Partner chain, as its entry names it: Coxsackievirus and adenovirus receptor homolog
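The chain below stands alone, shown as structure tokens; this is the form solved without its partner chain.
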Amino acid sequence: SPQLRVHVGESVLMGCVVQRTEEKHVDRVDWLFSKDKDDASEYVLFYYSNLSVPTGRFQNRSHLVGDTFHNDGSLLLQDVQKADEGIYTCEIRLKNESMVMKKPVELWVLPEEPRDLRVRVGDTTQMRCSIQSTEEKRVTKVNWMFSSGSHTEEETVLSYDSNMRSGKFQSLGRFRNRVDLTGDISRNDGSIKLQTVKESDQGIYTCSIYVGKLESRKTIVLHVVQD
């Protein structure tokens, strides 16, 4: 059973894909949460008759992102909190099948990442953004934006869209020639590298990382210091 660790605030995609040679529709998916067994459980989401229903304290953070016409009942849980630590069980039945697959996934939650990233002038840094996932190729779009304290508007640092022939755009303004993707988008990683950091690079970097139309958002405050 997969054991996934995430920091507080992160998203996690828990795969629930039924291995078949044929592309079958999903009839039923249930995702249930228990802290230990705990003697207690709660629904994250259920799906029947072509409708998903995120429930309870997961109602606004949870999404069936699997292709329900291709054997897939995978879940995206956003904004993970410490109370989300425990076991997620997927029960899934495909159209025209009687058998039910049951797949437990354990989620471990580490303390939230610091908001601030400290860098010295002239150094290189990474800004990391990725979704924790058992499944490849789920991220469809990554967009990095920048604002300083004095900006009237965000500017684009780097953008990648998997559903365009275009693919990858890099800044032609303040970050020109100093930014590139270090993440493998096919492995759900939108991380970038920023080279020869300047004082004027100080500010808020935002990553919007998409699984379909569903955005997960990450903020990094770049604090540029001396010596």
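Residue numbers count along the first chain shown, from 1. C-alpha atoms forming the largest set that superposes within 1.5 Å between two forms make up the rigid core.
Only in words, not in the display: the form solved in complex with its partner chain, which the text now covers.
Contact check for residue 87: every heavy atom lies farther than 4.5 Å from its partner chain in the entry with it bound. Under a 4.5 angstroms non-hydrogen atom cutoff, its partner chain in the entry with it bound lacks residue 128 among its neighbouring residues. Within this chain, residue 100 lines the site of its partner chain in the entry with it bound, having a heavy atom no more than 4.5 Å away. Contact check for residue 30: a non-hydrogen atom falls within 4.5 Å of its partner chain in the entry with it bound. Contact with its partner chain in the entry with it bound, defined as a heavy atom within 4.5 Å, is made by all three of 43, 51 and 91.
Of the stretches 115 to 123, 74 to 82, 100 to 108, 149 to 157, only 100 to 108 has residues with a heavy atom within 4.5 Å of its partner chain in the entry with it bound.
Superposed on the rigid core, the two forms differ between this form and the one not shown by 2 Å or more at the C-alpha of one listed residue only; from 151, 115, 102, 120 that residue is 151. Whereas the shown form places them at one spacing, the Cα atoms of residue 158 and residue 151 lie at least 3 Å farther apart in the entry with it bound.
Cα of residue 160 to Cα of residue 151: at least 3 Å longer in the entry with it bound than in the shown structure.
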